[PDB]
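Below sits a lone chain in structure tokens, taken as the form deposited in one PDB entry.
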């Protein structure tokens, strides 16, 4: 007895197919998860013979919330901390943001997706800290739904860490995830730190999970993430009238089997909604967009908003904005 809700599957496929066409993209995937049960409510590939739900990509900015949660847990920062976000060098490598800010709050670090801010959190913690947190939220763990190429992503078992490697890991690079893995991360965010397996078969709630992160810290960062879908945030194009949403939008470049990059982009948005009491985790990935826009916020955020808004209406979720 499958967990997929065919209403949600049909609107996910419709919106994903339209976004793949609009962006003149090779393909796209979307995965929708119930943050209380781990049930997969929708899971779509576009086109339907391009089996991209299990393709791996560097998760980029979608890991930044986990970096803020870890820094708060370790007491590197407090809830109202302000970071110095002036660009600087790590081992000769210039660390910069899209836009230069001299300083950001922790909310600003997510709103502006500050590489400078998250690098300073990372280099204030042992290299083991983010390795442990990412693992707690399921990165490097198999998903077990029975799909071709499924497996466990590309996750470091690293003995030795340069400063720049510690920083790029906090940015979400030098590791790879599947859409299913990332959806499970965001389901663990939506539950406020309860890790549950994905299911393509129905379960009866409540589903006991593994406590992998304190509720207070995860909820703190979910509220900070709301800024990303407000003006001046990287994910404003994902905003849904009537709802608070907690998202991150990001971009990777495609890696060949030689570990060399080619000039094909992977645009993604991951999120939970409604942010007041999450119901759903959603991941949308657009592969090789070719209509002159390449980044997550431009390419994948609009379809995140179209799909999540359609889900919230279909499932009669009460609007939680204002």
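Residue numbers count along the first chain shown, from 1. Throughout, rigid core stands for the largest set of C-alpha atoms superposing within 1.5 Å between the two forms.
One more form of this protein should be noted, the form deposited in another entry, which is absent from this view; the next part is about it.
Worksheet item: If you line up the core, which of 142, 123, 147, 164 has a CA that moves 2 Å or more between this form and the one not shown?
Response: So the only displaced C-alpha belongs to 147.
Discussion item. When the rigid core is used for the superposition, does residue 70 move between this form and the one not shown (threshold: C-alpha shift of 2 Å or more)?
Written reply: Comparing the forms between this form and the one not shown, which are aligned on their rigid core, residue 70 does not shift its C-alpha by 2 Å or more.
Worksheet item: 2 Å or more on the CA of residue 208 between this form and the one not shown, with the rigid core superposed, yes or no?
Response: It does not reach a 2 Å shift.
Discussion item. Please state whether residue 54 has a C-alpha shift of 2 Å or more between this form and the one not shown, with the rigid core used for the fit.
Written reply: Yes, shifts by 2 Å or more.
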